[PDB]
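Encoded as structure tokens, the structure appears first; notes follow it.
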Amino acid sequence: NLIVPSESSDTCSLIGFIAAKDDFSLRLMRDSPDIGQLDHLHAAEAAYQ
Amino acid sequence: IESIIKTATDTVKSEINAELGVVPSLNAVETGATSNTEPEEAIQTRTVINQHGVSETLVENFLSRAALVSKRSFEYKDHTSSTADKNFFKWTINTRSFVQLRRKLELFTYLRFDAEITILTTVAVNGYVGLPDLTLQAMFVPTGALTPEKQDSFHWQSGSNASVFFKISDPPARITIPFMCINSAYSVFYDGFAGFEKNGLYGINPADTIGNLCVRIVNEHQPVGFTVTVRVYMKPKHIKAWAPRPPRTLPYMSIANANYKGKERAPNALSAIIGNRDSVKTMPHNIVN
Amino acid sequence: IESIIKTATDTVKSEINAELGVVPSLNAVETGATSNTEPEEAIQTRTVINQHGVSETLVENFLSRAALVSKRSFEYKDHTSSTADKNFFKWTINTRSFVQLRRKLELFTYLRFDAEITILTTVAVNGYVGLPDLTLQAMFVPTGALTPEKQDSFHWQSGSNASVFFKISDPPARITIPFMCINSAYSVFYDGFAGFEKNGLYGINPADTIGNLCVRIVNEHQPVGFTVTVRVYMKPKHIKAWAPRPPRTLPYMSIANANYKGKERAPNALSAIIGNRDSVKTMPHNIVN
Amino acid sequence: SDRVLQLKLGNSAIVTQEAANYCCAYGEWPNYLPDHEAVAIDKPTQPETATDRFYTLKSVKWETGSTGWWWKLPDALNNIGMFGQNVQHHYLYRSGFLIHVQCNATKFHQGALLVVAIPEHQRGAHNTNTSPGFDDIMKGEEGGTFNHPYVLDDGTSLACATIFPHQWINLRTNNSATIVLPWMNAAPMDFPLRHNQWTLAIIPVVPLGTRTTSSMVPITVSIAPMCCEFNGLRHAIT
Amino acid sequence: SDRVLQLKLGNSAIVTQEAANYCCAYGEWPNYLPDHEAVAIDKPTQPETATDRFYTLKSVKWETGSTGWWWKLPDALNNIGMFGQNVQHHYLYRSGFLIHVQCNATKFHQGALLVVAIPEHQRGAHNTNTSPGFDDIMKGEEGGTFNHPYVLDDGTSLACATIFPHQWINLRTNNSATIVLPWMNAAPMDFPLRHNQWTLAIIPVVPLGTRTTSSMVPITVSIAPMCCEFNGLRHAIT
Amino acid sequence: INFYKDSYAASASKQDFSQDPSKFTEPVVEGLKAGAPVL
Amino acid sequence: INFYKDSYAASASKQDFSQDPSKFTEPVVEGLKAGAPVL
Amino acid sequence: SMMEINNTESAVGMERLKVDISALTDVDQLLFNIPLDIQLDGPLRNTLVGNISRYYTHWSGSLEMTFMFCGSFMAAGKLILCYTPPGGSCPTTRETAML
Ligand SMILES: CC(C)Oc1ccc(CNc2cccc3c(-c4ccc(C#N)nc4)ccnc23)cc1
Ligand SMILES: CC(C)Oc1ccc(CNc2cccc3c(-c4ccc(C#N)nc4)ccnc23)cc1
């Protein structure tokens, strides 16, 4: 159990981390689905003016 | 230690462990080091001879593929009465306009590379007569050179500017620009102001200024109008990269800055980058049979 | 014994035979071995020095020729009012659609090869103005990448996807895709279910998933409409093959499965694969003079 | 001499006095996975004699109308003995198989069984576009029966099935068949609940006949896994 | 340095930062049965990492009135994981055990647990001539509680139980105890369903005390069989 | 002629003349004989 | 194949297999140990 | 790099990067789980391993998870962290997960 004395905070936090090990390998490059655009960005048109 | 790595590491067999004072799964994140716990320390392993190559994650391979950096459409017509790109355009060269290349490049702080440029041109008849085989001129106009004001201005005589002349029926025009920063690397990010006064631009290293790409149709206008679209692709090559960064999460807003708003709701909202699940005990795609 | 065979075997002369306990024409099919009876044992032979090469039946030569795997027609027009392939299409990559390649590949259980892809494009005027020299973009969209939703969506900026840009007046576009199974060989047949739940697809190894081929016209639409047809050819090369199989007899029904019905009557009916003759004593094409 | 055979594996033995040699599929023998072919890095369990033994399935009756029978491996064994318990507790499995098929009758009987081991026997459905369902494919110890053995239920043919590892049981000649199967997969290990490497098929190409008094003529199947390995220990799916 | 310990067996690992050395009972370490001591002649199954791993039992609450707890080996594990499946399918079993007992509290808590492994802990009943019944003895994973820990429920004494392999958990000093048990039997193997070699006993000789706010203080037991062998394969008793 | 950096880009390999048909024609544990009856 | 006079014209350099991840994973002044606790 | 394990509504901003642990009055309770599908939008996605891997389609090799306890010096406790190879449902009881 989480066991704490009266003057410690009754609730405590975990931070979780992840990494790859050095046996890790990646294959077949693709466009990442994490980014996109619908319009032009602001001031992009102005690069032509 | 710096070493040559071509394949992923092998796994050794491991036995039972029961040693006092030896505790390889315990770590201290506060040092800032990543965990050094090996699998052979955490579980009993078998021997595995690992053949998986690591070449596809080379920074050269990761970055050196051609990406769209500029796309412009203009009317090829008689422009005597237009308000407009009058048979030519000028582009102030930047990499911030197209998010897929922008996000890849911004994984790094400093980059040194040469740029392979491909120019792809396409033509459509304005609202048919067939498509003309036009000649185009692309002229690099460096910092402080004069840009053309007209399709037939004498700037296009190009005595010292690099120009390439190319046809629409040809393969795409291709040139390499050398690495041309006045520093040893481009500043992908710049925590500074461009000028000696306070009013100068934030976020753009003056050292990285390339110049202008000016593109005209060389032909006189025809009796009918066309739309010409020019696409510029850039491929980094002979790449060096330094100090990798947290990737962009929020949608870009502007080419001038890193300003951020996020999507209205997760994923990639300012308040929540990952989409919500019901609780920390909920397994979203749980296998049930 | 494994040996190098370049030509068919020679025939030796043989004499009369009359040996007790030696009976080379007798066999036992129940072992599962094929008959080892030689011609020199069955008849009196002459010596024949055999020069006939065996190179054309090499698995490399048998399979490594280009076959049509995908054919799509779409309208190149203004699509603002269409319901339709609106100047582009997406194809989920498979080999089961065209029976001649499908049957050849299905002579084997496991195959490992690289794929040479040729893209042939053709255009006709919709119901004449001449034919335009269009630019097309083919983009490989692997598993879990985003496919384009529109002809001009930003997915086509192709920062990390492989794209090829090619003209209709060019020779057919050609690339090689490497052998890309997550296993050591493709599973030509798969006696299993794709998912951890019961509802997943039968008959398709998830390990063999290639992805999507997305093809657009790069040009803006013209004032008149065209039909564009795209043909994709695949040629296996650097081929390894394992465990040959009974060939397909019944017509294929579906690309999802081995489901079978047969023709209404022989040949290749479910009840009769060979066409009928009148009796086992009837010689159908008997020579009579 | 090639007619008498004893197979001994663990606590189980089979003798036959009327074999016809035996088949080693593709000339291979079962082996454990070597280190230069391994993927999963946890130390595998290798139960040996607890798993590597003959399991005898329920016998089927050979009748004049019989179309033939099939059993899928590992599915037919996935719930049997310590083999089944290890497949239930482990994500990954690998093994060979030794298959012994048994069918005696009198010298006044006639009939021939094609006994064939088919790798990746992906079934078709008859006369439909819908793929075979889970309950059509996954039969367990009982196995299934052929719908159309003449096309092997897959639109191909029985006549060419001798390209696969096989023997015959010809009641004139022999009363048993033996096939030794190596590991036959594109991956070095697999999840045993969703993919079957081998289908055993028993097809009566010549029907059972006699003019003595009829007796029930059963066909009996004994299968020993060979060189069982299991990886990815967790709770039982079961 | 003798306060931090990692125990790794199969796919399981335990770390402790507050150990007090660990006990090897009678200075022994678990080993497999050698040929000069074997009785049963069938080849044994040795499942290794499938059986030789920590199993964690249900935790018990240490309360001010607690008399102590016990678990019998192999009984407490006879239905757990691949260890349980092998005991169910085999007549004969042999193994050692590595026992790790866990109990943390605050620096304002006090209390001492005697953690002792008792060989052949043959129980008595209190105040009767009738011997303890089957359901008094055989408790499984839940284990039992002491009736009279002062006589160890056997008419002897708690004060002398330190003759058996033991550690203490003194909440001042340490939060865990570790005991390594060899095979401890007069026969080289035994039938695991009718004889228990070892009893783990946890007895609060000093009761749990504090004047901070009370929290539940659990005691947790993890037991890894070591060098499991099984003989006499048959159907599961189960 | 191959100026590409990846070896999978190469032309086809039509020179592999090794055969072993006995794995398909004679997977019997005791090899057949010519001078003796099979059974 | 490179017949151009400037070496920056060349094709890409995909052969640099040197790594040192410890500058990102272990920039600690006293290197970590396997056989000893970190703090 | 930090997992966004607390990807729940009413966790706002930085709160999504920590999991809060409280004292319990029932033994052996489940505290949290982590979905491992890097392709789908779960706790692993916005990580260094996550963001780089999503430029690729295939992956192999081992992952390391590290948890830092951030209670007071006076806080004590023992946790069990379990990885389950695939094939069935995510375990909901400790006696199942510890296998
Ligand atoms: C007309 C012909 C003869 O000359 C031309 C043709 C085209 C061009 C357009 N080039 C270019 C377009 C876009 C970007 C670059 C960069 C660059 C890229 C990334 C970073 C970062 N991080 N920093 C600099 C360097 C050189 N060039 C560029 C320039 C001259
Ligand atoms: C747009 C350009 C740059 O990229 C492209 C272009 C075209 C393609 C289309 N490829 C493909 C089309 C059809 C089949 C394949 C296969 C394949 C074949 C047979 C078997 C079996 N048995 N299994 C896999 C492998 C790779 N590819 C294929 C993919 C990417």
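Just so it is clear, none of the values below were taken in a lab; they were calculated from the coordinates. Here the Cβ is made from the backbone with ideal geometry for all residues, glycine too, and neighbour counts use every protein chain on show.
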Quiz prompt | Filter result for C:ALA266 (small (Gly, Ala, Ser), in a loop (DSSP other than H, G, I, E, B) and more than 9 Å from every other protein chain (Cβ to nearest Cβ)) | solution = yes
Practice problem: Kindly indicate whether any position in the range C:97-108 is within 14 Å of chain F (Cβ to nearest Cβ) and more than 30 Å from C:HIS221 (Cβ to Cβ). | Solution: yes
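For the range C:93-138, name all the residues that are of a type in the set (A, V, I, L, M, F, W, C) and over 22 Å from the mean Cα position of the chain (by Cα). Reasoning before the result, please.
Keep residues of the range C:93-138 that are of a type in the set (A, V, I, L, M, F, W, C), which gives C:93, C:98-99, C:101, C:105, C:107-108, C:111, C:113, C:115, C:117, C:119-120, C:123-125, C:129, C:131, C:134, C:136, C:138.
C:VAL123, C:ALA124, C:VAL125, C:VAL129, C:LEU131, C:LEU134, C:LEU136 - these are the residues of the range C:93-138 that are of a type in the set (A, V, I, L, M, F, W, C) and over 22 Å from the mean Cα position of the chain (by Cα).
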Quiz item: When residues of the range H:54-68 are filtered for being over 18 Å from B:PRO24 (Cβ atoms) and not small (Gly, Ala, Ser), how many remain?
Solution: 6
Quiz item: Among (1) closer than 30 Å to B:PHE226 by Cα; (2) touching a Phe, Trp or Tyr at 6+ places or on another chain (Cβ under 8 Å), where does C:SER158 come up short?
Solution: (2)
Quiz item: Does B:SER153 satisfy the condition of being more than 30 Å from B:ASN61 (Cβ to Cβ) and either of a type in the set (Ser, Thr, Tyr) or over 17 Å from the mean Cα position of the chain (by Cα) (or both)?
Solution: yes
Quiz item: Can you tell me which residue in the range B:213-236 is farthest from ligand 2 (Cβ to nearest atom), limited to those that are assigned to a loop (DSSP other than H, G, I, E, B) and among the hydrophobic types (A, V, I, L, M, F, W, C)?
Solution: B:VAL224
Quiz item: If we scan the range B:218-231, do we find a residue that is away from chain H (no Cβ under 11 Å), among the charged types (D, E, K, R), surrounded by 14 or more Cβ atoms within 10 Å (Cβ to Cβ) and within 27 Å of B:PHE113 (Cα to Cα)?
Solution: yes
Self-check item: Residues that are more than 14 Å from chain H (Cβ to nearest Cβ) and touching a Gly at 6+ places or on another chain (Cβ under 7 Å), drawn from the range E:73-83
Solution: E:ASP75, E:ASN78
Quiz item: Are any of the residues in the range C:120-135 farther than 26 Å from D:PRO119 by Cβ and near ligand 2 (Cβ under 10 Å from one of its atoms)?
Solution: no
Exercise. Determine, yes or no, whether C:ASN183 is facing another protein chain (nearest Cβ under 7 Å), within 15 Å of ligand 2 (Cβ to nearest atom), out of contact with any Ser or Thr (no Cβ under 9 Å at 6 or more places or on another chain) and closer than 30 Å to C:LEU58 by Cβ.
Key: yes
Quiz item: Got a sec? Which of C:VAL280, C:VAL218, C:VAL288, C:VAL224 is away from ligand 1 (no atom under 16 Å from the Cβ) and within 30 Å of F:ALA9 (Cβ to Cβ)?
Solution: C:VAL218
Quiz item: For the range C:55-91, which residues satisfy the criterion of being among the basic types (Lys, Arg), within 16 Å of C:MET234 (Cβ to Cβ) and part of a loop (DSSP other than H, G, I, E, B)?
Solution: C:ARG65
Quiz prompt | Residues being surrounded by 17 or more Cβ atoms within 10 Å (Cβ to Cβ) and farther than 24 Å from B:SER35 by Cβ - total across the range H:24-44 | solution = 2
Quiz prompt | Options B:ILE210, B:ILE239, B:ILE204, B:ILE287: the member that is more than 30 Å from C:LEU134 (Cα to Cα) and outside any loop (DSSP other than H, G, I, E, B) | solution = B:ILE239
Exercise. Specify which of the listed residues (B:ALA67, B:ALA84) is among the small types (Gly, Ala, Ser) and buried (at least 21 other Cβ atoms within 10 Å of the Cβ).
Key: B:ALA67
Exercise. Filter the range C:270-289 for residues that are facing chain D (nearest Cβ under 10 Å) and more than 24 Å from D:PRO165 (Cα to Cα) and give the result.
Key: C:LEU270, C:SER271, C:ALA272, C:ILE274
Quiz prompt | Residue selected from the range H:60-76 under the condition farther than 21 Å from H:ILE5 by Cα and not small (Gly, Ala, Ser), by the criterion nearest to the other protein chains (Cβ to nearest Cβ) | solution = H:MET74
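Are any residues in the range D:160-172 more than 8 Å from chain C (Cβ to nearest Cβ) and either surrounded by fewer than 21 Cβ atoms within 10 Å (Cβ to Cβ) or hydroxyl-bearing (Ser, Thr, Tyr) (or both), and if so, which ones?
The answer is D:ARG172, and nothing else.
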Exercise. Residue by residue through the range C:1-33, note down the ones that are out of contact with any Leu (no Cβ under 9 Å at 6 or more places or on another chain), within 10 Å of chain F (Cβ to nearest Cβ) and of a type in the set (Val, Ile, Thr).
Key: C:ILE1, C:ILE4, C:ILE5, C:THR7, C:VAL22, C:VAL23, C:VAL29
Quiz prompt | Filtered residues of the range C:136-180 (kept if small (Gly, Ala, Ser), more than 9 Å from chain B (Cβ to nearest Cβ) and either buried (at least 21 other Cβ atoms within 10 Å of the Cβ) or within 12 Å of ligand 2 (Cβ to nearest atom) (or both)) | solution = C:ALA138, C:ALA145, C:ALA173
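This table checks each residue for (1) within 19 Å of the chain's Cα centre (by Cα); (2) surrounded by 15 or more Cβ atoms within 10 Å (Cβ to Cβ); (3) outside any strand (DSSP E or B); (4) small (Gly, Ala, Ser).
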residue: D:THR106; (1), (2), (3), (4): no, no, yes, no
residue: D:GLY111; (1), (2), (3), (4): no, yes, no, yes
residue: D:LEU114; (1), (2), (3), (4): yes, yes, no, no
residue: D:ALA117; (1), (2), (3), (4): yes, yes, no, yes
residue: D:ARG123; (1), (2), (3), (4): yes, yes, yes, no
residue: D:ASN129; (1), (2), (3), (4): no, no, yes, no
residue: D:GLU141; (1), (2), (3), (4): yes, yes, yes, no
Practice problem: Identify the residue in the range E:77-104 that is buried (at least 24 other Cβ atoms within 10 Å of the Cβ) and small (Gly, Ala, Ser) and, among all such residues, is nearest to the chain's Cα centre (by Cα). | Solution: E:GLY96
Exercise. List the strands (runs of 3 or more DSSP E) that sit entirely inside the range E:157-236 and contain at least 1 residues that are within 22 Å of E:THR49 (Cα to Cα) and among the small types (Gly, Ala, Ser).
Key: E:217-233
Practice problem: Would you check if B:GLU116 is part of a strand (DSSP E or B), more than 8 Å from chain C (Cβ to nearest Cβ), farther than 17 Å from B:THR227 by Cα and more than 16 Å from ligand 2 (Cβ to nearest atom)? | Solution: yes
Practice problem: Scan the range D:25-60 for residues that are more than 10 Å from every other protein chain (Cβ to nearest Cβ) and polar (S, T, N, Q) and report the count. | Solution: 3
Quiz item: On the given criteria, is B:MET234 of a type in the set (A, V, I, L, M), crowded, with 19+ Cβ neighbours inside 10 Å and more than 9 Å from chain H (Cβ to nearest Cβ)?
Solution: yes
Practice problem: Give me the pairs, please: first residue somewhere in the range B:77-100 and closer than 25 Å to C:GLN157 by Cα, second residue anywhere and part of a strand (DSSP E or B) and within 16 Å of ligand 2 (Cβ to nearest atom), beta-carbon distance under 7 Å, and either six or more positions apart or on two chains. | Solution: B:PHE98/B:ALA67; B:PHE98/B:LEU68; B:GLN100/B:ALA67
Practice problem: Considering (1) β-branched (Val, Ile, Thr); (2) more than 14 Å from chain B (Cβ to nearest Cβ); (3) assigned to a strand (DSSP E or B), say which one E:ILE14 fails and leave the rest. | Solution: (2)
